[PDB]
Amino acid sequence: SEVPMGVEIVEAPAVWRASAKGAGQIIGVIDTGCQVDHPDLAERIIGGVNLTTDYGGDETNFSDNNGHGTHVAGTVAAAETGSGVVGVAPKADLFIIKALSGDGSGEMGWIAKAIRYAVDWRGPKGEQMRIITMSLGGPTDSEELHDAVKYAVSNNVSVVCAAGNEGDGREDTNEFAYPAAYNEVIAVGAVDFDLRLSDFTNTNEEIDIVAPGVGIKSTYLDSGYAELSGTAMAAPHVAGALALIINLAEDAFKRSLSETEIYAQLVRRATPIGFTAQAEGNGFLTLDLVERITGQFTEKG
C-alpha cells in the first residue's frame, strides 16, 4: 500500500482519525532541503529557507542536492495520493530548512540559526512551528547549539534528533552525537522491522525512544522513491508522531499543552522491547498503546 511498514508498526493509522492526521501542525525539517515539486510532498510544503552557501548564499533556494532531506520529509508527511508513500502525519505541513549541503555536511552555526529561524519564524496568519526535526549529528558539543536548543524547548517547541549511527551492538558501549546528546531534545535511535536493535545506533544515557530506521522506503529525488537506513530515518517517525499526539491530546485535555506535557504523551506511547534504557530509551514508538491499555468498547453506528 501507499503506506510503508515503518508508518505501520509505529501504528500511525490507528490514530489518524482522532488526530486529524496532523492537520494544523507545522513541522520544521532541518536537513539538505527538499525536492519542492515531488508529487508526494508539494501540498505539504508551505515554505522554507536556505542557510547554506550552497547555490552561493542564496537564501531562498532550498531544493535538495543530496536526496536525504527529501527522504526524511516523506517519512514525516508524504501525503496520501494513491501514489508511493504516506508519512506518519500526511496532513501536517512542512517548513524546509536546508542547513546541510549536497555533501550532507553542515557547520555547527548553520544548525544553530536553523533552530532559531524556525522558533522565531511566523507565516501569513501567525501560523508558527511546534515540532522541529534534525536527522543529523556532530561529535562536538558547542554551547549555543545547546542554547538554540534550550531556546526552542522553552518556547514550546519540540526538538527531535537522530541519535547517531556511530555504535556497535553493545548496549553498554556508549557513543554520543549532538544535538541528540543534549537532554532537552528528543533523541531517537533505530531498530529494524523485527525490533532487532540496528547495529549502528548510538547508545547513551540520553536516548528517549526508538523507531524504524532500517531500509525505510520514502520519497526520493527526481520524484523517486528509495530505501535508506540510519537513525536519520527513525527520527522523522517520532517527528510526525508528535503532530498526531499534540492534536489528539489537545482534543482530550481541551487546552494547550506544554513541552513537558507533550513529551509525557509521547513517552506513554512507547513500549519497551527487552533492551536497556541506554539503548531503547523509553521503548519503541507504539502510537495506539494508550487506547489498547484502556480498552473501552463502544457502539459501532
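In case it trips you up, residue 1 is the first one in the sequence shown, and so on.
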Query - Other PDB entries, at least a third, lacking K91 - result: no
Requested in this report: Decide, for the other PDB entries of this protein that were compared, whether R170 is missing from at least a third of their models.
Outcome: yes
Report task. Decide which of the stretches 82-90 and 205-213 has the higher mean C-alpha B-factor, going by the entry. Result -> 82-90
Query - Selected stretch [higher average CA B-factor]: 257-265 or 35-43 - result: 35-43
Query - Largest Cα B-factor, entry values, listed residues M233, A249, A243, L51 - result: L51
Report summary line: The largest CA temperature factor among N183, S135, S218, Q128 is found at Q128
Requested in this report: State the tercile, meaning the lowest, middle or highest third, of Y178 with respect to the CA B-factors recorded for its chain.
Outcome: lowest
Query raised in the report: C-alpha B factor of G69, ranked within the chain: lowest, middle or highest third?
Result: highest
**Report entry** Third of chain Cα B-factors occupied by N156
**Finding:** middle
**Report entry** Relative C-alpha B-factor of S101, binned into the chain's lowest, middle or highest third
**Finding:** highest
**Report entry** Lowest, middle or highest third - CA B-factor, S223
**Finding:** highest
